[PDB]
Peer 1: 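The following block contains the structure, expressed as structure tokens.
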There are 2 protein chains.
Amino acid sequence: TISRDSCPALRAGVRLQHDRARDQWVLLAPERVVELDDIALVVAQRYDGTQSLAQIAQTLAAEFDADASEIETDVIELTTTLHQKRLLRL
Amino acid sequence: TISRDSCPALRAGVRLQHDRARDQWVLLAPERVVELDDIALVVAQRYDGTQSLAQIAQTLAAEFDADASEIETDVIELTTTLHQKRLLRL
């Protein structure tokens with residue numbers, strides 16, 4: 001966590017900018033790349049802000065003749081990672 | 001938190017891309033803008049991956065003839081927010 005003992009540095013590509021037109025200063029964060037492999041590729045495509053992870057897992061497990069409990073764990077794990085990376089709307 | 005009941009959607013600008021050259025699929029996250037105002041502007045400039053938040057607060061409070069306890073709270077609050085946004089290296 002962040003405490004008084006933290007010694008931060010801005011990450012690479014994160015730069016300070018004076019947005020004169022809007023009379024404000026901002027930090028510009030660079031575009032990011034997140035690798036998706038195998039089933040994660042399908043899950044990312046299946047997100048639609050409606051279906052739940054449970055539904056997504058049930059659908060995929062049935063489509064791939066895979067175990068639903070296992071797929072649900074994988075779907076939740078992936079979503080947690082993508083959520084941590086600020087890539088999702090819940 | 002993320003559970004089986006979550007119904008995610010990819011955020012705007014987050015798109016799926018087939019990086020054929022690297023034989024992988026990825027999610028491309030768009031550049032982001034984070035507003036910094038008043039003392040937060042100075043704090044962001046003071047980060048150097050060496051000085052601690054305690055040191056940064058002590059320095060700034062002395063420079064601005066402000067109360068150090070108050071400034072330390074503000075510095076920690078800001079850093080926590082920037083850390084949550086994945087903008088810092090600790």
Side-chain angles (χ1 to χ4, degrees), chain A residues 1-14 16-19 22 24-38 40-41 43-58 72-73 75-90, chain B residues 1-14 16-19 22 24-38 40-41 43-58 72-73 75-90:
Chain A
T1 65
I2 295 298
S3 74
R4 76 195 305 277
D5 286 338
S6 298
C7 302
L10 295 180
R11 288 179 61 178
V14 177
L16 182 63
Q17 166 181 269
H18 181 196
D19 187 331
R22 192 171 303 186
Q24 60 169 44
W25 287 75
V26 304
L27 284 175
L28 301 300
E31 297 182 359
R32 293 168 290 156
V33 179
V34 178
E35 179 178 1
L36 291 176
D37 56 62
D38 298 348
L41 170 59
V43 175
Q45 182 273 317
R46 296 302 172 78
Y47 291 147
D48 65 3
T50 310
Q51 300 289 135
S52 68
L53 300 188
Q55 291 174 296
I56 291 172
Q58 160 67 195
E72 183 168 300
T73 286
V75 171
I76 294 179
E77 171 183 49
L78 168 69
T79 305
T80 295
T81 295
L82 298 185
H83 183 223
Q84 295 179 312
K85 292 183 182 301
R86 329 274 295 184
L87 305 177
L88 314 175
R89 171 174 65 70
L90 305 171
Chain B
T1 65
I2 295 298
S3 74
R4 76 195 305 277
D5 286 338
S6 298
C7 302
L10 295 180
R11 288 179 61 178
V14 177
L16 182 63
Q17 166 181 269
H18 181 196
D19 187 331
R22 192 171 303 186
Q24 60 169 44
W25 287 75
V26 304
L27 284 175
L28 301 300
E31 297 182 359
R32 293 168 290 156
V33 179
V34 178
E35 179 178 1
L36 291 176
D37 56 62
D38 298 348
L41 170 59
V43 175
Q45 182 273 317
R46 296 302 172 78
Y47 291 147
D48 65 3
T50 310
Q51 300 289 135
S52 68
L53 300 188
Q55 291 174 296
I56 291 172
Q58 160 67 195
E72 183 168 300
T73 286
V75 171
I76 294 179
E77 171 183 49
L78 168 69
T79 305
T80 295
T81 295
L82 298 185
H83 183 223
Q84 295 179 312
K85 292 183 182 301
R86 329 274 295 184
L87 305 177
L88 314 175
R89 171 174 65 70
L90 305 171

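Just so it is clear: chains get the letters A, B, ... in the order the sequence lines come, proteins before strands, and each one is counted from 1. Hydrogens, waters and symmetry mates play no part in the numbers below; they use all other heavy atoms, side chains included.
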Peer 1: So what's closer than 4.5 Å to chain A heavy atoms on B/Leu88: side chain, backbone, both or neither?
Peer 2: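 Interface part for B/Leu88: both.
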Peer 1: Identify the two heavy atoms, one from A/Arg86 and one from B/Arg86, that lie closest to each other, and give their separation to 0.1 Å.
Peer 2: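 So the two residues come closest at CG-CG, 3.9 Å.
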Peer 1: Between B/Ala29, B/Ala12, B/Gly13, which shows the greatest number of heavy-atom pairs under 4.5 Å with chain A?
Peer 2: B/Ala29
Peer 1: How long is the straight-line distance from CD of A/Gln45 back to CG of B/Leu16, given to the nearest 0.5 Å?
Peer 2: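 Reported to 0.5 Å precision, the distance equals 8.0 Å.
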Peer 1: Which bit of A/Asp37 is near chain B, if near means a heavy-atom gap under 4.5 Å: side chain, backbone, both or neither?
Peer 2: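 Neither part.
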Peer 1: Quick check for you: among A/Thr79, A/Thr1, A/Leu27, A/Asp5, which has the greatest number of heavy-atom pairs under 4.5 Å with chain B?
Peer 2: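 Of the options given, most contacts go to A/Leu27.
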Peer 1: Between B/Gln17, B/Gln24, B/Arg32, B/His83, which shows the greatest number of heavy-atom pairs under 4.5 Å with chain A?
Peer 2: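 Of the candidates given, the most pairs with chain A belong to B/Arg32.
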Peer 1: Under the side-chain contact (heavy atoms from CB on, under 4.5 Å) rule, collect the residues that match up with B/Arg4, sequence neighbours excluded.
Peer 2: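 Only A/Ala54, A/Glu72, A/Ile76 meet the side-chain contact (heavy atoms from CB on, under 4.5 Å) criterion with B/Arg4.
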Peer 1: B/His18: which residues meet the ring-ring contact (aromatic ring centres under 6.0 Å, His included) condition with it, sequence neighbours left out?
Peer 2: B/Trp25
Peer 1: What closest approach, in Å, do B/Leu10 and A/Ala44 show between heavy atoms, and which atom pair accounts for it?
Peer 2: CD1-O, 3.9 Å
Peer 1: Highest number of heavy-atom pairs under 4.5 Å with chain A: which of B/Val75, B/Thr80, B/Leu82, B/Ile56?
Peer 2: B/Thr80
Peer 1: Less than 4.5 Å to any heavy atom of chain A: does that hold for the side chain of B/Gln84, its backbone, both, or neither?
Peer 2: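 Looking at B/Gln84, backbone and side chain both touch chain A.
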Peer 1: Can you tell me which portion of B/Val33 sits under 4.5 Å from chain A's heavy atoms? Options are side chain, backbone, both or neither.
Peer 2: both
Peer 1: Under a 4.5 Å heavy-atom cutoff, which of A/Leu28, A/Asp48, A/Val26 has the most pairs with chain B?
Peer 2: A/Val26
Peer 1: Report which part of A/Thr50 has an atom under 4.5 Å of a heavy atom belonging to chain B: side chain, backbone, both, or neither.
Peer 2: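 The answer is the backbone of A/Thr50.
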Peer 1: In Å, rounded to the nearest 0.5 Å, how long is the span from OG of B/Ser6 to CD of A/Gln51?
Peer 2: 13.5 Å
Peer 1: Measure B/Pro30 against the heavy atoms of chain A and call it side chain, backbone, both or neither at under 4.5 Å.
Peer 2: backbone
Peer 1: Is the closest side-chain heavy-atom distance between B/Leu90 and A/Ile2 below 4.5 Å?
Peer 2: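 Yes. Closest side-chain heavy atoms under 4.5 Å.
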